[PDB]
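Written below as C-alpha cells is the structure these notes are about.
Proteins get letters first, then strands, A, B, ... in listed order; numbering begins at 1 in each. The basis for the numbers below is simple: all heavy atoms, side chains too, and nothing from hydrogens, waters or symmetry mates.
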Amino acid sequence: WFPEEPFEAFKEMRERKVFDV
Amino acid sequence: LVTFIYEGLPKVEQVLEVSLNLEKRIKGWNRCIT
Amino acid sequence: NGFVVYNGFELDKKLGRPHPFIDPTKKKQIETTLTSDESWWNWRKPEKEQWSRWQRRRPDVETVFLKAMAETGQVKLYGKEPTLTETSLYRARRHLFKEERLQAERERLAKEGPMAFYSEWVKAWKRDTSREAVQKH
Amino acid sequence: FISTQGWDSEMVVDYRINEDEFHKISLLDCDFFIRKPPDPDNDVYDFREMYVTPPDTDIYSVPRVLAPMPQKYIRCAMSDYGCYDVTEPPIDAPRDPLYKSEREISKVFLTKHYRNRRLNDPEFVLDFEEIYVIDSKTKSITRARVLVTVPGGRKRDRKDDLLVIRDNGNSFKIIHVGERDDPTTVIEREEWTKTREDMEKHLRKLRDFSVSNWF
Amino acid sequence: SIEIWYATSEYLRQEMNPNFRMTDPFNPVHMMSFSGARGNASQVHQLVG
Amino acid sequence: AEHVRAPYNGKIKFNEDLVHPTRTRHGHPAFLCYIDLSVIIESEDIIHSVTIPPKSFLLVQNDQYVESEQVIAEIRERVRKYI
C-alpha cells in the first residue's frame, strides 16, 4: 500500500520508481 | 414461547465491473495532491 | 591407547514373534478416577446402559481369519476375540501368513505325493495312497 | 618443517604454506592438508603439521585435533565417506541437464598399512586398528574407536578380519570375514526396524492397544 | 449437536489416509485417489467415513 | 478451531488453580487457559504429558479418566431461534 500521507506517497513513488523529479 | 438471537465467481465479477482501503485512499489522495 | 578394545519378552519383541504390545511385567493400573460424585454432570457415566446401534462389533474377514489362525497356532492373540488393533495389524501383514500356508501345502504335496495329496478331493477312491502302496501297486 | 601439534584448534596462521609437500584432502566444508613426505607411492603421511582451509582457499588454519596423533611417518590408505546428491536442477537454457549427480564427501578415513607395507608387497594387509577420521563439518581429525571381536587379540592373522563402519562413520568393529552380512540383510534389517517402530506408533492411538498382541 | 458431529466427521477424514497408508497401501480405493487418478479424499470420505 | 484429543488411555493430572472456570458455547463447565499449561496422562505403560496452548478451553477435570482419540481441549450473522 502507498501511505495515505501525500509526501510519504511521493517518497514511495520515488522509491518504487513510479515517478521522479 | 421465547426467542433467541445468536451469531467466489460472483466476487470476481464485481471487481471486474467495479477494497475499502482503495476507495478511501482515492478519496484522501484526490483532495490533497491538487 | 584406549581406542582399541578386545571383546520371553525382549526377545519375542526383537524377533517379531507374537507378544503383547505392552510388557505385562512393566504394566501398571490407572489408579482411581472420579467417582461421579466429584465430577461434572456432563462427564458422569449414565446410570443405565444406553442402546446404541453400535454396541456390537462389526464382522469382517480379518476377525474370522485371525480366529482361525489362532486356532491353528500360527499366531496367538491377547484374548479369544481379536481386537481392532490386532485386526489392523493382520490387515497390514496378512499376505505373509497366506504365503506360509501355501508353502506348507507345497511341502506336504512334495512329501506325501500326488496320490495322497489329491485324494482329499476324490472321496470315492478307497485304495491306500501312500508312496509305499503306490510302489507296491 | 613446522610442528602444529599442541597449538590452537581454530586459529589462522600468518603465512601461506606450499602445497607441493602436503596431502590435499578435499571434503564438503573444507580442504584438509597433511604434510606429505616424499615417496614414489605418495602413501606416506606426516601428521605433525596439518592445516585446514575453506574449500579452494589459501587462508590456512591449524585443524582441531581430538585424539593423539602419530609422530613417526606412517603409510596409510585413504577412503572417503559420504553420500550422492542427485538433484533435478531447473532447466533454464536449451539442453540443460535433466539431473546433476555430485559426491558430497563428509568423512575421510585414513587406515594404516600393517607395518607400513606397500601396496605392491605380496604380504600387504590393512591395519584396521589404526584409523583416523577427518570430519568436514567440525573441521577436525580424530582416531577411530575400533572394537575387535575376532579371536586373537593383538597377534592374529590380519587377512581374515573384516571392518564394519556404521552410525555415520562413528562405529568401527572388526569381525571375521566368514560372518559377513549380505547387503540385502542389512537393508532389510533397517527397513524392519523402522517399519516396526512406525507401525507401533500408528497403532498406539487405538484404545484397545494395551490389550492387543503383535504377530 | 452440529459441532460435535462436524468434529467427528472431520476426524474420520484425517485418519482415513494414514489408515490406508499403514494397513492397506494397495487397497483399490486408496490407489484410485492417492495416485491422483480419479477421486479425492472428500469423495472417499463419503464412501468410507 | 482445533481439537486436542487424548493420545492415550489414562488419568488426567493437572492443577485446576492455574485455570479459570468458564462455560462453553455448548453449556458445559470448562476451564479457560491463558498460560502454557502442562497436562499429565498416567497411561498404562508410562506417564505421558500433553501441552495445552493458551487461549484454549480445557474440557476435562483433574483425576478424570480419558480414552484415546477423545477430545480433551479446544483451541480457538444474526439468526433467530424459536422455542
- Query: Do the non-hydrogen side-chain atoms of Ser19(B) and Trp1(A) ever get within less than 4.5 Å of each other?
  - Reply: yes
- Counting only N and O atoms by type, is there a donor-acceptor contact under 3.5 Å from the side chain of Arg25(B) to the main-chain atoms of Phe2(A)? yes
- Message: Could you check whether atom CG of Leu16(B) has more than 12 heavy atoms from other residues, nucleotides or ligands sitting under 6.0 Å from it?
- Response: yes
- Task: Work out which heavy atom in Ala9(A) is nearest to a heavy atom in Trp29(B); give both atom names and the distance.
- Result: CB-NE1, 4.5 Å
